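K.L.:
One structure coming up, written as structure tokens, with questions to follow.
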Amino acid sequence: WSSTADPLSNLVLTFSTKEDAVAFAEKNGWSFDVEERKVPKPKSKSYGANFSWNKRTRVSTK
Amino acid sequence: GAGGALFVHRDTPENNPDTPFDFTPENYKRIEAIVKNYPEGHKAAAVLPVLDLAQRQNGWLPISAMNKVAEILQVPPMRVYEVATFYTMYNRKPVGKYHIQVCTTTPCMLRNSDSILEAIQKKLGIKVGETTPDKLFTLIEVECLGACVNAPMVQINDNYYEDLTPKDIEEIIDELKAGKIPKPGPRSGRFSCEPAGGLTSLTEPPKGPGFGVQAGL
Amino acid sequence: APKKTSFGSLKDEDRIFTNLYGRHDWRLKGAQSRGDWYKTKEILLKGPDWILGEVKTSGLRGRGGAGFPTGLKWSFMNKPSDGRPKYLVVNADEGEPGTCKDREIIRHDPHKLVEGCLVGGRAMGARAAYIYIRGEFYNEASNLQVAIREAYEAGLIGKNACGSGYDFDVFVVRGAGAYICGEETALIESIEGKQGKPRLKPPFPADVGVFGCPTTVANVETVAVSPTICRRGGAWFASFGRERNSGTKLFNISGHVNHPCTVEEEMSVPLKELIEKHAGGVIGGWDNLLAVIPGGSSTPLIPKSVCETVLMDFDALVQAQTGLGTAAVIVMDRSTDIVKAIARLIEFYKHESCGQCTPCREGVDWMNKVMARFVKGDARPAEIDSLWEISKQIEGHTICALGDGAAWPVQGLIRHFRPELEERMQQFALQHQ
Ligand SMILES: NC(=O)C1=CN([C@@H]2O[C@H](COP(=O)(O)OP(=O)(O)OC[C@H]3O[C@@H](n4cnc5c(N)ncnc54)[C@H](O)[C@@H]3O)[C@@H](O)[C@H]2O)C=CC1
Ligand SMILES: Cc1cc2nc3c(=O)[nH]c(=O)nc-3n(C[C@H](O)[C@H](O)[C@H](O)COP(=O)(O)O)c2cc1C
Ligand code: SF4
Ligand code: FES
């Protein structure tokens, strides 16, 4: 079986914002690394572009 | 019923990429005429005719013919495969000299297409998906060939034989197996979709040009 | 007395397709002797706006089955160009069971279709016309090609068409055995060398169509009456039929009638009048009639009690919980297994589905299995309501109207012949103990 010796291997906390998590980590004395939130960028979707007269976006199959 | 045909190709000595296929020079001129019917930069629109032309030269479509069409039209072979497996008129297995197609849809069924089908089966000694041992006839069932008024009807090699009785189709098969050319059309003594009762309309002589023209034109 | 209240008894002088039966020469000389290609130059010189106005006044609705107003639909191409060519596509697929009207137009009156292509393309500012015909119509397509060659040699189409200074080409493309390719976007995809799978709308074809260009898809019968409409005027066409149901119509009467036939008749003619006058009546008398499918396989059937007074127009048949469709009247007498005929239609739709979208691809096959069991009576009565719900799930949730056309006949059968289904199930449960 898989054995461990650190008691915090299953500790995961949930926070509403990054600032709340940072404050909680700071008051508990834990050194922290913060990674910024990644949001997918908005994209331009056009169904008609599938059938373009002169562009490469024309599809060869459906 | 569920289609007994398969939509995956497995290479066979009778059907593989090394199977010899090539268009004849006359067919290459025909392909040139076909391709010139579409705008520049849209060559793939010629996939359906050119593929069909290959069948008209070969009788059926071995995978080498599909690859040849794809090479000629600069089209990926998978697109040609999609076209060949989507449309039912393409023969991906060899068929007999005379491909008999019997419409069994409801308007033709109401006019006893079953009798025609059983007459064909008995006259040829095969079933609705088989080929005769002499490779002269193949029989299948098709959907609504578009002559429901002339039901029941049968298509043989892009010819229509309509207003059929079992004796009519047996005579047609007898004429076909003797090498003759049976005349397409109805067999009831009626030329076309007209009423058999005596032409209930269009009895008067057709009017001339400009008879109903409005003013100012 | 204006505002005709009885419709029918159409005269030969008012009929449009005068060579319906091919008793006269279908070549160019015979068509010209019958009134075709007469003053086409003056029609083209009147301008697109005048032609579109004539079509709008005519009240012509789409003869392909949906009945969309033709003038409004053709007006969508009256926009200025944006650098792309413009195209007219003529729909000659004719896949609907019980419908053979287009075939007769192509084989016996091809010059009417060609002149209609020219006039409609001028109205829509279209450079050329592509005629898509089903591949089974090989001889019809060859006759059409011969007529097109005759028009090219006579200068009627091509460069400087009819001397009007407008260049127009007519191309014939043949399909290969696919009923779905009669759907306009599936037809456009088929022309471009792809599988005949319909496109989602929007964009509509007038924005993005064949080769990505502005395109109008129009039924052959719709195209072939436009030159006559322009010549005789919109008003003449308008007088026939009820209001908003104008003009004449080609009817194909098949099934259990004495003389199955294709005829031309006024729009709002009663169904009984049509059947008893032109088709010779129902086999075994009118009292032998069991059911009628009035507008091709996609329209729901109506029992005898409804067929006695119903009129053959869009609005009346809509009120009768059915449709005018292609005006293909399939008659079934009392000797018909009504469940088996509808099961055969469902099997047709199962074999014609393109398979692109989930509701059609799965539910049409599911309904086919359920109907095959219903024919034997293997099921339970509760499943009937289940089947109804399945149809409702399929209807309105599919990319194209093939799902509608598969759901509607089942709904008609359940609406009018539920006792037959329950009675068959009772027999099956009895005999199998
Ligand atoms: N002639 C034949 O052999 C067959 C005929 N049909 C008939 O086709 C009918 C349904 O076909 P659909 O095309 O799906 O009906 P639809 O109502 O969606 O379209 C009818 C025509 O009007 C146009 N249109 C409709 N709404 C539009 C809008 N908001 N803007 C611009 N254009 C618009 C469409 O582009 C189309 O050309 C069925 O009722 C059936 O009877 C079906 C199969 C075969
Ligand atoms: C499954 C399906 C098949 C169709 N087949 C045909 C056909 O064979 N011929 C036709 O004219 N219209 C057919 N239509 C209707 C066309 O999509 C389109 O509405 C019509 O061609 C428009 O022409 P119109 O406005 O002149 O009627 C079909 C529609 C569907 C959903
Ligand atoms: S409804 Fe049927 S035919 Fe139409 S797109 Fe969907 S799967 Fe294809
Ligand atoms: S039902 Fe047989 S041709 Fe249409």
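Lettering and numbering for the structure tokens are positional, with chains as A, B, ... in the shown order, residues counted from 1 in each chain, and ligands counted from 1 in the shown order.
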Residues of chain A were defined as contacting chain C if any atom lay at most 8 Å from it, counting only C-alpha atoms; please report them as a list in words.

P.N.:
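My answer is residues 47, 48, 51, 52, 53, 60, 61 and 62 of chain A.
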
K.L.:
Using C-alpha atoms, can you write the selected residues to a file as a PDB file, in the first residue's frame?

P.N.:
```pdb
ATOM      1  CA  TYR A  47     -21.329  29.167 -38.709  1.00  0.00           C
ATOM      2  CA  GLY A  48     -21.527  30.725 -42.181  1.00  0.00           C
ATOM      3  CA  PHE A  51     -18.972  27.828 -46.425  1.00  0.00           C
ATOM      4  CA  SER A  52     -16.778  30.765 -47.412  1.00  0.00           C
ATOM      5  CA  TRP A  53     -16.509  31.790 -51.061  1.00  0.00           C
ATOM      6  CA  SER A  60     -14.450  19.978 -46.708  1.00  0.00           C
ATOM      7  CA  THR A  61     -16.864  17.817 -44.679  1.00  0.00           C
ATOM      8  CA  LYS A  62     -19.727  18.138 -42.209  1.00  0.00           C
TER       9      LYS A  62
END
```

K.L.:
Taking 4 positions as the minimum chain separation for residues in the same chain, which residues sit within 9 Å of residue 50 of chain C when counting only C-alpha atoms? Answer as a ChimeraX atom specification.

P.N.:
/C:43,46,54-55,123,230

K.L.:
If we count only C-alpha atoms, what is near segment 189-206 of chain B at a cut-off of 9 Å, once residues fewer than 3 positions away on the same chain are taken out, given as a PyMOL selection string?

P.N.:
(chain B and resi 147+149-150+163+185-186) or (chain C and resi 11-13+15+18-23+33-35+100+104+252+258-264+277-280)

K.L.:
Please write out the residues within 7 Å of ligand 2 as a PyMOL selection string, counting only C-alpha atoms and all ligand atoms.

P.N.:
chain C and resi 61-68+70+91-96+179-184+217-220+222-223+400-402

K.L.:
List all protein, DNA and RNA residues that have at least one atom no more than 9 Å from any atom of ligand 4, counting only C-alpha atoms and all ligand atoms, and write them as an MDAnalysis selection string.

P.N.:
(chainID B and resid 102:110 113 142:154) or (chainID C and resid 95:100 254)

K.L.:
Write out the residues from the selection above, keeping N, CA, C and O atoms, as a compact mmCIF listing (two decimals), in the first residue's frame.

P.N.:
```txt
# COMPACT_ATOMS: atom_id res chain seq x y z
N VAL B 102 -36.65 -2.35 -58.15
CA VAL B 102 -38.10 -2.39 -58.00
C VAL B 102 -38.50 -1.46 -56.87
O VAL B 102 -38.04 -1.61 -55.73
N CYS B 103 -39.37 -0.50 -57.17
CA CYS B 103 -39.87 0.42 -56.16
C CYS B 103 -40.94 -0.28 -55.32
O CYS B 103 -41.92 -0.79 -55.87
N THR B 104 -40.75 -0.29 -54.01
CA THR B 104 -41.68 -0.93 -53.09
C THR B 104 -42.29 0.05 -52.10
O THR B 104 -42.88 -0.37 -51.10
N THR B 105 -42.16 1.35 -52.35
CA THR B 105 -42.74 2.34 -51.46
C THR B 105 -44.26 2.33 -51.58
O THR B 105 -44.83 1.71 -52.48
N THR B 106 -44.92 3.03 -50.66
CA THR B 106 -46.36 2.86 -50.47
C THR B 106 -47.20 3.10 -51.72
O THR B 106 -48.08 2.27 -51.99
N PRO B 107 -47.02 4.18 -52.50
CA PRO B 107 -47.84 4.31 -53.72
C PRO B 107 -47.65 3.16 -54.70
O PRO B 107 -48.63 2.75 -55.34
N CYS B 108 -46.44 2.64 -54.84
CA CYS B 108 -46.22 1.49 -55.72
C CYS B 108 -46.71 0.20 -55.07
O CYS B 108 -47.20 -0.70 -55.76
N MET B 109 -46.58 0.10 -53.75
CA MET B 109 -47.04 -1.08 -53.04
C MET B 109 -48.55 -1.23 -53.14
O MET B 109 -49.07 -2.35 -53.27
N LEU B 110 -49.28 -0.11 -53.08
CA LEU B 110 -50.73 -0.16 -53.20
C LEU B 110 -51.15 -0.69 -54.57
O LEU B 110 -52.25 -1.24 -54.71
N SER B 113 -46.78 -3.92 -56.17
CA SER B 113 -45.38 -4.13 -56.51
C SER B 113 -44.86 -5.47 -56.00
O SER B 113 -43.84 -5.96 -56.50
N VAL B 142 -35.86 -0.50 -54.17
CA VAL B 142 -35.53 0.92 -54.09
C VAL B 142 -36.75 1.70 -53.64
O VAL B 142 -37.87 1.19 -53.59
N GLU B 143 -36.52 2.97 -53.30
CA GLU B 143 -37.55 3.85 -52.76
C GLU B 143 -37.96 4.86 -53.83
O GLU B 143 -37.14 5.66 -54.29
N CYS B 144 -39.23 4.80 -54.24
CA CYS B 144 -39.90 5.88 -54.97
C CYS B 144 -39.10 6.49 -56.11
O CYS B 144 -38.58 7.60 -55.97
N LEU B 145 -38.96 5.77 -57.21
CA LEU B 145 -38.23 6.27 -58.37
C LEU B 145 -38.88 7.48 -59.03
O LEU B 145 -38.38 7.95 -60.06
N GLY B 146 -39.97 8.01 -58.47
CA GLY B 146 -40.56 9.23 -58.98
C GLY B 146 -41.55 9.05 -60.11
O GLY B 146 -41.79 9.99 -60.87
N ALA B 147 -42.14 7.86 -60.24
CA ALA B 147 -43.16 7.58 -61.24
C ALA B 147 -44.36 6.90 -60.60
O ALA B 147 -44.88 5.89 -61.09
N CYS B 148 -44.82 7.45 -59.48
CA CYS B 148 -45.85 6.80 -58.67
C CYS B 148 -47.18 6.70 -59.42
O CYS B 148 -47.95 5.76 -59.21
N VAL B 149 -47.45 7.67 -60.30
CA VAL B 149 -48.67 7.62 -61.11
C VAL B 149 -48.65 6.41 -62.03
O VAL B 149 -49.69 5.80 -62.29
N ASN B 150 -47.47 6.03 -62.52
CA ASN B 150 -47.31 4.88 -63.39
C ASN B 150 -46.93 3.61 -62.62
O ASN B 150 -46.21 2.77 -63.16
N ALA B 151 -47.38 3.48 -61.38
CA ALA B 151 -47.05 2.31 -60.58
C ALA B 151 -47.82 1.09 -61.07
O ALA B 151 -48.92 1.23 -61.61
N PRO B 152 -47.28 -0.13 -60.90
CA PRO B 152 -45.93 -0.40 -60.39
C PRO B 152 -44.88 -0.32 -61.49
O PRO B 152 -45.19 -0.60 -62.65
N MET B 153 -43.66 0.06 -61.14
CA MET B 153 -42.63 0.34 -62.14
C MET B 153 -41.29 -0.21 -61.68
O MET B 153 -41.08 -0.50 -60.50
N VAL B 154 -40.38 -0.34 -62.64
CA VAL B 154 -39.05 -0.90 -62.42
C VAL B 154 -38.05 -0.10 -63.23
O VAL B 154 -38.33 0.31 -64.36
N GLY C 95 -38.24 13.95 -54.66
CA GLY C 95 -38.04 12.72 -53.92
C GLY C 95 -39.27 12.24 -53.18
O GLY C 95 -39.32 11.11 -52.70
N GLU C 96 -40.29 13.09 -53.08
CA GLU C 96 -41.43 12.78 -52.23
C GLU C 96 -42.25 11.64 -52.82
O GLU C 96 -42.60 11.67 -54.01
N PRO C 97 -42.57 10.61 -52.03
CA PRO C 97 -43.45 9.55 -52.53
C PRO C 97 -44.81 10.10 -52.95
O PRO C 97 -45.42 10.91 -52.25
N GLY C 98 -45.27 9.62 -54.10
CA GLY C 98 -46.53 10.03 -54.67
C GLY C 98 -46.42 11.28 -55.51
O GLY C 98 -47.41 11.76 -56.05
N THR C 99 -45.20 11.82 -55.64
CA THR C 99 -45.00 13.03 -56.42
C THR C 99 -44.14 12.78 -57.66
O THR C 99 -42.99 12.38 -57.55
N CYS C 100 -44.73 13.00 -58.83
CA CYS C 100 -44.02 12.84 -60.10
C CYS C 100 -44.24 14.03 -61.05
O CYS C 100 -44.00 13.93 -62.25
N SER C 254 -52.56 9.01 -57.29
CA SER C 254 -52.05 7.65 -57.32
C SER C 254 -52.70 6.84 -56.20
O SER C 254 -53.40 7.37 -55.33
```

K.L.:
Could you work out which residues of chain B fall inside 9 Å of chain A? Count only C-alpha atoms, and format the result as a list in words.

P.N.:
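Result: residues 41, 42, 44, 79 and 82 of chain B.
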
K.L.:
Return the single residue from C:361, C:418, C:380, C:344 that is closest to chain B, with distances computed using only C-alpha atoms.

P.N.:
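Using only C-alpha atoms, chain B sits closest to C:344.
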
K.L.:
Could you tell me how far atom 3 (S, counted along the ligand's line) of ligand 3 lies from atom CA of residue 355 of chain C, in Å and to one decimal?

P.N.:
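Spanning atom 3 (S, counted along the ligand's line) of ligand 3 to atom CA of residue 355 of chain C is a straight-line distance of 6.1 Å.
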
K.L.:
Compare B:156, B:181, B:119, B:139 by their minimum atom-to-atom distance to chain C, counting only C-alpha atoms, and give me the closest one.

P.N.:
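For chain C, the nearest of the given residues is B:156.
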
K.L.:
Would you list, as JSON, numbers by chain, the residues of segment 8-100 of chain B that end up in helix (DSSP H, G or I) under DSSP run on this structure's backbone?

P.N.:
{"B": [25, 26, 27, 28, 29, 30, 31, 32, 33, 34, 35, 43, 44, 45, 46, 47, 48, 49, 50, 51, 52, 53, 54, 55, 56, 57, 58, 63, 64, 65, 66, 67, 68, 69, 70, 71, 72, 77, 78, 79, 80, 81, 82, 83, 84, 85, 86]}

K.L.:
Within 12 Å of residue 33 of chain A, counting only C-alpha atoms, which residues qualify if same-chain residues fewer than 4 places away don't, as a list in words?

P.N.:
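Once the nearby chain positions are removed, what remains is residues 18, 21, 22, 25 and 26 of chain A.
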
K.L.:
Can you write out the residues you just picked, keeping C-alpha atoms, as a compact mmCIF listing (two decimals), in the first residue's frame?

P.N.:
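In the end it all went to result.txt:
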```
# COMPACT_ATOMS: atom_id res chain seq x y z
CA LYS A 18 -7.75 35.28 -3.95
CA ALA A 21 -7.00 32.85 0.65
CA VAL A 22 -3.96 35.12 0.94
CA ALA A 25 -2.44 31.82 4.58
CA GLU A 26 -0.77 34.89 6.09
```

K.L.:
To one decimal in Å, tell me the separation between atom CA of residue 36 of chain B and atom CA of residue 106 of chain C.

P.N.:
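These atoms are spaced 24.1 Å apart.
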
K.L.:
Using Å and a single decimal, report how far atom CA of residue 339 of chain C sits from atom CA of residue 112 of chain B.

P.N.:
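Separating atom CA of residue 112 of chain B from atom CA of residue 339 of chain C is a distance of 16.7 Å.
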